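Chemist: My questions all concern the structure below.
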Amino acid sequence: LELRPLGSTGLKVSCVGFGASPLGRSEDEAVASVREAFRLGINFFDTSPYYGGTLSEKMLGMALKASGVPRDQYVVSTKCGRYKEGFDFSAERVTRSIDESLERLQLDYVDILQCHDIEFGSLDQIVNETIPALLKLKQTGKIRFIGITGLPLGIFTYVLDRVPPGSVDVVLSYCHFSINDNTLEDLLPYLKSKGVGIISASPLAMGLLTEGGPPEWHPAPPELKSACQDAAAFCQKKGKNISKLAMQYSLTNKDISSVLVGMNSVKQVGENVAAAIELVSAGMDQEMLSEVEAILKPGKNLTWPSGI
C-alpha cells in the first residue's frame, strides 16, 4: 500500500487512512479491524472526541494498544474544539482537551491535533487564540503537528493567509475530492506553496456515491442527490460497484497524502485497501469513470452550507 509524504512534516502516511469514527458506533471487532489495517499497510488513524461522544477515541486507543506495533511506525490524528456538547475553541478548552484525548487513546502523544470544523467558530479566534494555544502544546511534546478541518474550502485560505508562517502543518478537507466534486484540486497549489500537508475524507461524499444512497440527514441539494442516484443506478445495471470506482478516483492525485475512510470491520479494511492496490496495478476503468462523470454533470461541484 503506497505511502505518501505528508506536507513538510517528514511523515509518510498510507494513501488509505483509517477513519476511526465508526469504532464509536464490540472491542474484539475494533481490535481485529485495526490489526488487519496494520497487516495490509495502513499506518494512519484519525479520530475526534466528537465521534461516538468520546467512545471512538476509547475504542481506537484499546485497539492500537492491542496491536503490538511500535508507536513511531504509525501516525495518529485526533481533534479538539468539537464535542457532543457543542463547540469551544478557547485556549483553556483545547489545552485540557489533549489531556482528555491522550487518556482515552492511551497514548503519550498524538502526531496531529486538528481544530475540528472551524467554520462553526470565529475564524479570528482560531487564528489569534486557538492556534497559538496548540503551538504551546507542541512545545510540551503532547502533539507534534497542527491541523485545521472543515467543509468550506475558504476556511483554509482565511486562516492560512493570517497565521505566522509555519503555524499550521496540515489541513483536513472532506467532500471535495470525489467524482462529484474535485474542487480540493484548486487548493493544492495554495497549500503546496506553504508546505502544508493535505488530507482528504468522505471519498463517497457521505454516501451519495453508493448503491444504497445517502442517509436521510444528508445536506446535499436535490440536484446533486438526483445526479448521484442516477449514477449509482447506472453502475448497478452494469454490475459495477460505484463505491469502488469513487474510492479509486479519490486516490488518483498523489498531492493528497491520504484519503481517510470510515472503517469498522476487517471486510471494509480489505475492500478499501484492495481498491487502492488494484488502482496501482491495473489502473482505473476509464470508460466507466467517463460515463459516471457525464451522468454526474448536473451536480458537479455543488456543495451545501456549513457553519455560522
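Quick note, the sequence shown lines up with residues 9 to 33, 39 to 321 if you use PDB author numbering. Heads up, the beta-carbon is just placed ideally off N, CA and C, and yes, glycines get one too.
So the alpha helix (DSSP H) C128 belongs to, where does it begin and stop?
Modeler: Segment 123-128 is the beta strand (DSSP E) holding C128; no alpha helix (DSSP H) there.
Chemist: Tell me which residues share the same chain as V209 and place their Cβ nearer than 8 Å to its Cβ, disregarding the 5 neighbours each side in the sequence.
Modeler: Excluding positions up to five away in sequence, the list reads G15, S16, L173, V181, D182, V183, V184.
Chemist: Straight-line CA distance for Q249 to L258?
Modeler: 12 Å
Chemist: Using CA atoms only, rank isn't needed, just tell me which of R84, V123, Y64 is closest to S90.
Modeler: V123
Chemist: Is the beta carbon of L118 less than 8 Å from the beta carbon of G74?
Modeler: yes
Chemist: Compare the C-alpha of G25 against each of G320, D121, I269, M297 and name the closest.
Modeler: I269
Chemist: Using CA coordinates, which residue listed in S69, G94, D137, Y87 is at the minimum distance from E116?
Modeler: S69
Chemist: Thinking just about the alpha-carbon of each residue, which of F58, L302, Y63, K92 is nearest to the one in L77?
Modeler: Comparing Cα-Cα distances from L77 to each of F58, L302, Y63, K92, the minimum goes to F58.
Chemist: Please decide whether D137 counts as near chain C, where near means a Cβ-Cβ distance under 8 Å.
Modeler: Going by chain labels, chain C is absent from the structure shown, which holds only one protein chain.
Chemist: When you compare the CB positions of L164 and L200, do they come within less than 8 Å of one another, or not?
Modeler: no
Chemist: Quick test of your reading: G312 and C241, contact by CB under 8 Å. State the CB separation rounded to the nearest angstrom.
Modeler: 6 Å
Chemist: Tell me, which residues are paired with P13 by DSSP?
Modeler: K20, per the DSSP bridge assignment.
Chemist: Considering only their Cβ atoms, is the gap separating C93 from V107 smaller than 8 Å?
Modeler: For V107 and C93, yes; Cβs fall inside 8 Å.
Chemist: Indicate the three-state DSSP secondary structure (helix, strand or coil) for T162 in the structure shown.
Modeler: strand
Chemist: Helix, strand or coil, according to DSSP, for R109 in the structure here?
Modeler: helix
Chemist: Identify every residue that forms a DSSP beta bridge with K92.
Modeler: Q127
Chemist: Is the beta carbon of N285 closer than 8 Å to that of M260?
Modeler: Cβ atoms of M260 and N285: closer than 8 Å.
Chemist: Where does the unbroken beta strand (DSSP E) through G179 begin, and where does it stop?
Modeler: Premise fails: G179 is in no beta strand (DSSP E) and is neither H nor E.
Chemist: Rounded to the nearest angstrom, how far is the Cβ of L150 from that of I156, given a contact under 8 Å?
Modeler: 5 Å
Chemist: Please name the residue or residues paired with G208 in a DSSP beta bridge.
Modeler: Looking at the DSSP assignment, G208 forms no beta bridge with any residue, so it has no partner.
Chemist: Please name the residue in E105, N277, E10, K205 whose C-alpha comes closest to that of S39.
Modeler: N277
Chemist: In angstroms with no decimal places, state the Cα-to-Cα distance between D130 and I139.
Modeler: 11 Å
Chemist: What are the boundary residues of the beta strand (DSSP E) that includes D59?
Modeler: Looking at the DSSP string, the run of the beta strand (DSSP E) that includes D59 is 57-59.
Chemist: Just to confirm the assignment: which complete alpha helix (DSSP H) runs, minimum length 4, are found wholly within the stretch 188-232?
Modeler: Fully enclosed alpha helix (DSSP H) runs of no fewer than 4 residues occupy 197-207 of the stretch 188-232, in order along the chain.
Chemist: Are the CB atoms of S80 and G54 nearer to each other than 8 Å?
Modeler: With contacts defined as CB atoms closer than 8 Å, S80 and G54 fail to qualify as a contacting pair.
Chemist: When you compare only the Cα positions, how much space is there between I308 and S186?
Modeler: 25 Å
Chemist: Contact check, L197 vs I168 under 8 Å by CB: the rounded distance?
Modeler: Wrong, their Cβ atoms sit about 13 Å apart, outside the cutoff.
Chemist: Are there 16 or more other CB atoms within 10 angstroms of the CB of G296, so buried, or fewer, so exposed?
Modeler: exposed
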